[PDB]
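Quick setup: one chain, the form deposited without ligand COA, written in structure tokens, and binding and motion questions come after.
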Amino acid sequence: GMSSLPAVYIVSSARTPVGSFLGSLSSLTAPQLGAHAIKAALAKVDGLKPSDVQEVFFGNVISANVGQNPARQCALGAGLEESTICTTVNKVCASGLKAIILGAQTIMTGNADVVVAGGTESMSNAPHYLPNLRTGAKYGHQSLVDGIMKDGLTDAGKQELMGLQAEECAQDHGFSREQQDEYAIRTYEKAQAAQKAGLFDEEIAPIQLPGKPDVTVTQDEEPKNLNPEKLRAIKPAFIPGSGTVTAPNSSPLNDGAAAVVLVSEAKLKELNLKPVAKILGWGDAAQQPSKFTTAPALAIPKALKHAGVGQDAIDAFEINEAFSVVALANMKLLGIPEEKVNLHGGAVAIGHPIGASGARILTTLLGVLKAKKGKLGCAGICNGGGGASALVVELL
């Protein structure tokens, strides 16, 4: 059981704003975004130094042309000691949450006391691939492969976009274009309402862009884009005519990063640190790849069981909105009412930098718990390939 293992505390978290594809943060690389989130998270822990960080796990999916070990570049960019252990993690969309699980485990096996974990993604700076230049292609037109499509959005087995599998999800659990559109509208409003109230101000670390004075990106870029008129009238994106999944009710392509700082019980009292939360348990699950959309229906109960906590005891859920239908399907399958789900909006309105989103939603979950005066939270995120990861936190 968890209680036979040492405790792990979150003592801070931070995230960049989430920029739009080729948008506000498109000039920064994935490690520049990662360094920014790590540095801002560490600056929040009173009593802890960046040189105290021993190990880093950082998610990143589309690592092509990012260079050697994205996590190492995030760590050194943030002013961490060159002695820091750094590992990049790829569990597609869940990478940012699995990096946190692996960070927690490294404290629990006793191999570190201070760990930074999270994820980063610069989808704007994902390149195109030329796959056959070494052996040559003697004759015929050839292809420049979009690295986002190939390594981020296509299921490897069926060679099928995730949106076509989200469409399969809509067929599977009975959710219409209208049901997905009105959900999409509601989470955009929740995200806009949070923005208007300043409820992202704590978690977000504004970015200063050089160039005489500086430009500052302080807000997530996608929430303001809501136009309910065009949203309900838009042509569907994956099945012309009878499709239900659209770009407005799907997650966008985005840039962003998020980071949490984990410490062991020894270091927490030895440095007399203020803990923000405790990790109570986690769960990974996986099923048929084309059914990844509902893999949180397995991961979430497994994480609750690991934590020894009931689904009704949870005050707030973060169920990552890869698509609107993903949130609706898992809510129906679990019997979770939407009034406890994605209370400041979700990825459909906020953005989905795929390697970071597992940590982004945990960052937001902590804000939701403080803002709405809850204690227990559960984050669940599906990933292409059939999997999902889930985590259970107690606000301290």
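In case it trips you up, residue 1 is the first one in the sequence shown, and so on.
Omitted here: the form deposited with ligand COA bound. The next part is about that form.
Peer 1: If you check in the bound PDB entry, do 225, 231 and 322 all have a non-hydrogen atom within 4.5 Å of ligand COA?
Peer 2: Yes, each of 225, 231 and 322 comes within 4.5 Å of ligand COA in the bound PDB entry.
Peer 1: Looking in the bound PDB entry, any heavy atom of residue 251 within 4.5 Å of ligand COA?
Peer 2: Yes, residue 251 sits close enough to ligand COA in the bound PDB entry that at least one of its heavy atoms falls within 4.5 Å.
Peer 1: Is residue 356 close enough to ligand COA in the bound PDB entry to count, meaning some heavy atom within 4.5 Å?
Peer 2: No, residue 356 sits far enough from ligand COA in the bound PDB entry that none of its heavy atoms falls within 4.5 Å.
Peer 1: Going by a heavy atom distance of 4.5 Å, is residue 153 a contact of ligand COA in the bound PDB entry?
Peer 2: Heavy-atom contact with ligand COA at 4.5 Å: present for residue 153.
Peer 1: Looking at the partner-bound form in the bound PDB entry, is residue 247 within 4.5 Å of ligand COA by any heavy atom?
Peer 2: Contact with ligand COA, yes.
Peer 1: If we take heavy atoms and a 4.5 Å cut-off, which stretch out of 97 to 105, 200 to 208, 276 to 284, 251 to 259 is in contact with ligand COA in the bound PDB entry?
Peer 2: It is the stretch 251 to 259.
Peer 1: Of the residues 162, 303, 316, 169, which one places a heavy atom within 4.5 Å of ligand COA in the bound PDB entry?
Peer 2: Looking at the other structure, the residue within range turns out to be 162.
Peer 1: Relative to ligand COA in the bound PDB entry, which residues of 87 to 101 have a heavy atom no more than 4.5 Å away?
Peer 2: Only a single residue, 93, comes within 4.5 Å of the partner.
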